Amino acid sequence: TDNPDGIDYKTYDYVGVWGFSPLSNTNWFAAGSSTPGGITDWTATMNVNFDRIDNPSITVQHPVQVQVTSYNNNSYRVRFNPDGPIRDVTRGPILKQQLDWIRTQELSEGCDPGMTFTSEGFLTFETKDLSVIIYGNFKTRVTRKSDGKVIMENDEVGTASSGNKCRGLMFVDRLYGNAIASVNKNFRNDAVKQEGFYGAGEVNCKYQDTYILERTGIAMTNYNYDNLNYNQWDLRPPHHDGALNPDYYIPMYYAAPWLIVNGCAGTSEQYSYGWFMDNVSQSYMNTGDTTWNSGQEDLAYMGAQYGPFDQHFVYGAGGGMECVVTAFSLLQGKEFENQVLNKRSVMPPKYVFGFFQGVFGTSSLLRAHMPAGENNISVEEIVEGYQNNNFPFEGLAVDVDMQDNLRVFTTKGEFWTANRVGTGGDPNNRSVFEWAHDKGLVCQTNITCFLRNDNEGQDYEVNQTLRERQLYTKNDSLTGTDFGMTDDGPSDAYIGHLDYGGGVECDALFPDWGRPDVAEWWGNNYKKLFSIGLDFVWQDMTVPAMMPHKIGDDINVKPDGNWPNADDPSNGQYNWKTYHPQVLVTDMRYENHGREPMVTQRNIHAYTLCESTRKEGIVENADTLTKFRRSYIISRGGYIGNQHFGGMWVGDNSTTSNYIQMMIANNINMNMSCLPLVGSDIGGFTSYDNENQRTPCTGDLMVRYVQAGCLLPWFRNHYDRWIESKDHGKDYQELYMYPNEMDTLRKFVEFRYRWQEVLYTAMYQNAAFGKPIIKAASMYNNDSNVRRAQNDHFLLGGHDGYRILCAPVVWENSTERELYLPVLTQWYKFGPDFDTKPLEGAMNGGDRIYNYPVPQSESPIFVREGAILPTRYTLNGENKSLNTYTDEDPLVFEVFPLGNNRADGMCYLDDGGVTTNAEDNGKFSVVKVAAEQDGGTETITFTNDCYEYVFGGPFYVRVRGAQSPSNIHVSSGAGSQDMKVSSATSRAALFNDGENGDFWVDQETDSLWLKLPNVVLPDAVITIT
Ligand SMILES: C[C@H]1O[C@H](O[C@H]2[C@H](O)[C@@H](O)[C@@H](O[C@H]3[C@H](O)[C@@H](O)[C@H](O)O[C@@H]3CO)O[C@@H]2CO)[C@H](O)[C@@H](O)[C@@H]1N[C@H]1C=C(CO)[C@@H](O)[C@H](O)[C@H]1O
């Protein structure tokens, strides 16, 4: 039952953006005419005639569905299959039942889009603030009720005499290909509109010498790659000479055919809409890039190498780009599952927000058992470096080093306290993870879906059980292609190779995910790791990232590095560093459907791998997790929607100023693509010095790299380590190996740690409401100067999520930067210095300052007026892992200067992930807090949205700029108590000795500290007179 729809597959190789050419018109079909086709529900059908743009006498008929997806969040949808029936996928970001729920709810509220056909046969409908008309040839116009503004319209190519053809719908004559595509007008050169496109996951784009955030006038592609340095040689343009820098026509780790359009920016008449082409074969986004005549300046499109054609336009409930993001997240929501917490994504354990050292080149757990080898390091030495130097440190990212000769899901003797593999729980032979637990730390470890094959007779249960149940991808192809074979077999299995450099490699098999019983099988395997202490997951080589290889060559032999190329094209022989594209894999998009070649769903493999570690690994086997029941995944690849499995790190960056910039833009863009909890390796993964690869990150680059990411969602220093056993990489990169910079380094980690609940809460605001943790400058509304500052200015935190503004310096050996404060509000210089000192005067928003000074010891980070921030200090004053925090380590609602005599704050509370009762049973709290000045009385009010988690220790209000009071009244469900002056004279003595109901006047920081009991948290009126 392979290929049920009779597809003839014309394309298998990687087609660069330069080989994708729908504005070509030749051999392309576009809508020319239609007759109406009925409406049930909110799906209308138009029976559309597609004409060959280059010979319109040739026509075919296919039906197109036009579905309103959310009246309230102004989103609809267009799809059609030109290769067969129209078909609801069963795995993906947008599922039927989440659409069906949204619609049902909205119907109960009595929303009517009034999907109707005029007499002429045109389709008209309405969403909340938008109206839409679609003409005969599919010419689509999207107007905005309030000001009549056309905010979006598709494009039309005229012909010699056959009328006009809407390129809003295009597929290639199935005689010549399978590509699809869709075209809009693009007002990026409109004097008043100045359209600007955004999003597109991990794409990178250079301008002059600087990496930027905007994705306008450029030709991108989604094509998940093993793209080490974001600039892999094989991904270069035809006939490209010299080095290849990362750039926009190079695909990355994550598949996001998604674009957020923002025109008439920062003014009354502004509009934003998102654009998801839901497809998982190689996709394209072209924002009007003339390079290679691939696009035209005044048009934009999306497209794919294969079908079917499914596409979403999401305008959002209201003003600003952010709302596009949140509505998009709704469409992928889990409201239909009655998720009480995880609606828009799954919440990680608190601990996932702390600092992690990853090392590629440890070679034992402890020093006592470390084999002799030049520059070898043990885990024990790392933990020692950090712990001894009072670094706030969370734990390790153990690599394949630990595995037994690269056998995913196992460990070798060296990574245990007693030099042998235990079944664990033996206190005289703890595994890495268990020892790690006793040090306070937690770990992820690396898991690929690569199952060793060259085992040398040696027994490896995970590969053996894959062969038995035939759960491996088979070597069949509709082309008779020979992918190679070894002596280990089996005879009918796809056998790829895994190369990590310097002879660290092996043959491998792989999970044919499509198959049923495969996700169960995958999942139960993580038990071999959970029962030994593994906290969370490090999902890698997810592409699958296999070794380059030419059909015909041996399995362990890759091609010449310069192959393939324009003069010597692949011609169906290159594997593009993964399965040779022809391999028949079982469908991952439609279940019980048959087998397709991988070329048709390449961009789904990692999503699907991630889905399975989630549902079948972490969730089903939570019983076997040890110290924490909740868990997470940090993944390298995936596709839109992946946020419901965990988050992302941007694979293999490097150690240069450019990569810092890139990491930030990437972060910001990944947020607006519904992946909030991502980040890039701090300090860079790969070597960088061309004379001597072993040279490690400079101190100053290390400071800027940490300063820039110390408030990004995922914070992890990871790197390729040179050791005798692996002759590529750098000497060291751990924070503690920098004596000169240690103090700056560490204080910026402590600082993140004090703002831990800020991250936690923002994350909650993402699960609950879908808000991006990190916020493009252009998300701040009514500001005509945020856009120019958008490459390196970003915001996060607070009740609304726009309370902290970061503008990290992005160049090595640099002590200034151009700073823009966003307008119509006040800002305050903050940082690790400002905890133990008074704030400086206000900074008037709307300012541009050239050469704003930033000594190495400082990053530009500001807190807005009106912010109240949940902060967290240790009781004993030391630095300790988040996961060892308990409710005795104070929680501090820091009120800042007031904004129009107002201030507000939100704080999510829950057990941390010790258990899954927050996501499972609604066991959490959401504390709100307000503050108002009224002549002489300031009223700080605590209310709750629910208080299901009982924060067990006293918490504090910290007022900034208000000193010694005449009285403080505290009102509570169990309060009617006046406050008395504490007898402690230091913050430390207030926390540890301080009496409940004690206020302390802090001269040093110009603050007033209120110590209150744990029971008044959910509800109180603090009046300060
Ligand atoms: C560890 C790493 O292994 C593989 O990376 C390869 C590159 O694919 C290959 O191009 C070559 O890279 C050199 C490149 O050719 C040259 O132009 C450049 O200047 O120098 C590069 C090396 O610095 O060799 C490297 C190996 O050294 C994989 O393709 C990568 O995915 C892989 N990174 C993975 C693997 C691990 C180990 O489990 C993780 O530590 C890491 O997080 C993950 O991203």
Side-chain angles (χ1 to χ4, degrees), residues 750-751 753-757 830 832-839 863 867-880 885-898 903 905 907 909 927 929-934 936-943 950-1025:
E750 295 152 344
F751 175 67
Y753 269 55
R754 302 196 291 272
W755 277 356
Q756 48 175 300
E757 313 286 345
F830 213 57
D833 285 8
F834 286 91
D835 198 26
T836 69
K837 66 177 185 185
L839 310 178
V863 188
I868 315 176
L869 298 196
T871 328
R872 298 282 312 268
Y873 308 96
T874 72
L875 199 40
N876 66 34
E878 283 176 37
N879 273 327
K880 87 195 231 267
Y885 269 56
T886 63
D887 290 37
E888 309 330 310
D889 312 294
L891 165 65
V892 172
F893 302 93
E894 187 164 335
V895 180
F896 276 78
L898 302 193
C907 181
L909 295 156
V927 178
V929 65
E932 278 171 81
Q933 199 75 59
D934 191 3
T937 310
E938 202 192 348
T939 321
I940 313 182
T941 316
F942 284 70
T943 60
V950 162
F951 188 81
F955 69 81
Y956 301 69
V957 181
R958 179 169 180 189
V959 185
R960 279 285 187 148
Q963 267 323 237
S964 191
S966 303
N967 185 228
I968 298 167
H969 188 59
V970 185
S971 181
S972 212
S976 197
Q977 191 218 335
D978 275 354
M979 302 187 79
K980 51 168 174 72
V981 37
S982 167
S983 62
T985 56
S986 72
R987 169 197 309 183
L990 193 50
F991 294 161
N992 281 257
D993 296 307
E995 211 64 67
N996 278 7
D998 278 5
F999 68 88
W1000 163 59
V1001 179
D1002 191 346
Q1003 289 285 239
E1004 206 200 70
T1005 75
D1006 191 44
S1007 295
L1008 191 70
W1009 293 72
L1010 283 60
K1011 174 152 194 163
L1012 299 178
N1014 89 291
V1015 274
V1016 332
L1017 189 55
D1019 64 305
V1021 206
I1022 301 162
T1023 108
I1024 296 169
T1025 216

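Position 1 is the first residue of the sequence, and the numbers go up from there.
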query: Strictly under 6.0 Å, is that where the ring centroids of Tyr956 and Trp1000 end up?
result: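 So the answer is no for these two rings.
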- line: All heavy atoms of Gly953 vs all of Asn1014, minimum pair found to be O-CB, 3.2 Å
query: Nearest heavy-atom pair of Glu938 and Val895: which atoms, and what distance?
result: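 The answer is OE2-CG1, 4.5 Å.
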Calculate, to the nearest 0.5 Å, the distance between atoms [atom1] and [atom2] belonging to [X] and [Y] respectively.
X: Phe893; Y: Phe942; atom1: CZ; atom2: CZ; answer: 5.5 Å
X: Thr874; Y: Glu888; atom1: OG1; atom2: CD; answer: 12.5 Å
X: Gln977; Y: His969; atom1: CD; atom2: NE2; answer: 9.5 Å
X: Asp835; Y: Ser1007; atom1: CG; atom2: OG; answer: 8.5 Å

task: Please determine if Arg872 forms a cation-pi arrangement with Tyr885, meaning its NZ or CZ atom is less than 6.0 Å from the six-membered ring centre and no more than 45° off the ring axis.
output: no
message: Tell me whether the rings of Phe751 and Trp755 are parallel (<30°), tilted (30 to 60°) or perpendicular (>60°).
response: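 Taking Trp755 first and then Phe751, their aromatic rings sit tilted (interplane angle of 30° to 60°).
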- prompt: Charged N to carboxylate O below 4.0 Å: is that the case for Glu894 and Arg960?
  reply: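 Salt bridge: yes.
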In the structure I gave you, are the side-chain heavy atoms of [X] and [Y] within less than 4.5 Å of one another anywhere?
X: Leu1008; Y: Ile968; value: yes
X: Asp1019; Y: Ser972; value: yes
X: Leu839; Y: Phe830; value: yes
X: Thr939; Y: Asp934; value: no

- request: Return yes if a side-chain donor-acceptor contact under 3.5 Å exists between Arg958 and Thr871, otherwise no.
  value: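 Checked: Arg958/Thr871 side chains show no N/O donor-acceptor pair below 3.5 Å.
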- request: Please determine, by modelled atom types, if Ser982 and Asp998 share a side-chain donor-acceptor pair under 3.5 angstrom.
  value: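 Present: a donor and an acceptor within the cut-off.
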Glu932: salt bridge (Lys or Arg N to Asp or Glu O under 4.0 Å) partners, not counting sequence neighbours: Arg902
- prompt: Between the side chain of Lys1011 and the main-chain N/O of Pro954, is any donor-acceptor distance below 3.5 Å?
  reply: no
